[PDB]
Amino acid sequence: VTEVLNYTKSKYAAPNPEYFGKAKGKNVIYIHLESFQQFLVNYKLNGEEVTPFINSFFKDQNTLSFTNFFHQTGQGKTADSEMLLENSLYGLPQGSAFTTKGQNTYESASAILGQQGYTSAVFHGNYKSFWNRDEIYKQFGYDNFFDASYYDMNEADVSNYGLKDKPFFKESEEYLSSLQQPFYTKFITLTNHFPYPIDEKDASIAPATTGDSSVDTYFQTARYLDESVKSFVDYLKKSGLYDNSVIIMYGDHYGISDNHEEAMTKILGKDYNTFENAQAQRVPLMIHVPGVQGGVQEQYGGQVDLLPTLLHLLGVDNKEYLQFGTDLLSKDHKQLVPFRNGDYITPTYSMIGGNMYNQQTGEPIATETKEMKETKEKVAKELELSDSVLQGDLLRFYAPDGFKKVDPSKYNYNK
């Protein structure tokens, strides 16, 4: 109740002077890389790079790239990722939080940044009823929701899950250019979605040769996404948004489940056991902050840490908000990444499937020490306190002093 707030502050990580406020006043552009796993980065299928542009964006001067960034989603899949990004809250242990907690009071990024005059918007090539986004986005405080109704949904431009990504970015330039700055936006892509079907040739790369169809055509839809993103970034550079915004590319969750051990063994080269599968849960995080020296960031982290990381870059102190994540650029950030099912990843030891593993060598640890038991309970506590917020709707009874709550009745996403 006030218990959650006490845990939050004690966990709070002070801003890093080198990165604090360096992007204050800038726009924010989230690029949602659907089902995009980190191992795809710099991966070469039969000689050539699978995702060439993203690989270059990864190496760029002004790009903070994360190699130990893990997704913390559950049965909510993509919805849970949004929950982690917007509120720094975990999803439910079971089922989707978006569907059952659409009535809850939230104090999300749209609301927090809205306090400074930011304009909110979400772009998605599918209808707003999907994942109950239409309802819960109002509680988040998203000013605009550009769903499928704002796009040309002809049969040739539409896959199984909605509008293809290349038309999606192309057609959304109209809306983004006329959106009041400064803004806070997120572009949810669709094409790279299981079982990853692509008809030739939207595709521009040969499929893998493992014998597993869903795994083989994954690399094809990944490049289709890569090509469309490049086209979108090219637009951002022409319109000047590229220098005036913070571009953040991230993955929401895994792309290949653990029911493809044989194929994944050929892909990664090593045996795809339970350990290597947990390591495969890495998803990309690339933060392009204009006029800031970037580089590879190997500190361990999760999606829960994304919002407080962004806030510190924008020069916004979030000490008083109910957020379970910490600033990734902070030196006080502790490298501990909880999974939804109770598991966790630390640089030294990791619990996977309830069993202990050496994170660095992959070899099982027979006996469990105190510190391995201690962090196990720290993780369970964090997950429980997060559920306490969702299950009890605790944000009705709390808010930071200067903060103003959202009136969801004042939002309409229809045209």
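The first residue of the sequence shown is number 1, and the count goes up from there.
- Stretches compared: 169 to 177, 136 to 144. Higher mean C-alpha B-factor in the entry: 169 to 177.
- Stretches 340 to 348 and 234 to 242 differ in mean C-alpha B factor, with the higher average recorded for 234 to 242.
- Looking at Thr361, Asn355, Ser65, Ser35, the one whose CA carries the top B-factor in the deposited record is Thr361.
- Of the residues listed, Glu82, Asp317, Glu262, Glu107, the entry assigns the biggest Cα temperature factor to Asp317.
- Ranked within its chain, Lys381 lands in the middle third, by CA B factor from the PDB record.
- When the modelled residues of the chain are ordered by their C-alpha B factor, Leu394 lands in the middle third.
- Looking at the C-alpha B-factors along this chain, the one for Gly114 belongs to the highest third.
- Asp271 sits in the middle third of its chain by CA B factor, as recorded in the PDB entry.
- Residue-level temperature factors show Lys164 in the middle third of its chain, judged at the C-alpha atom.
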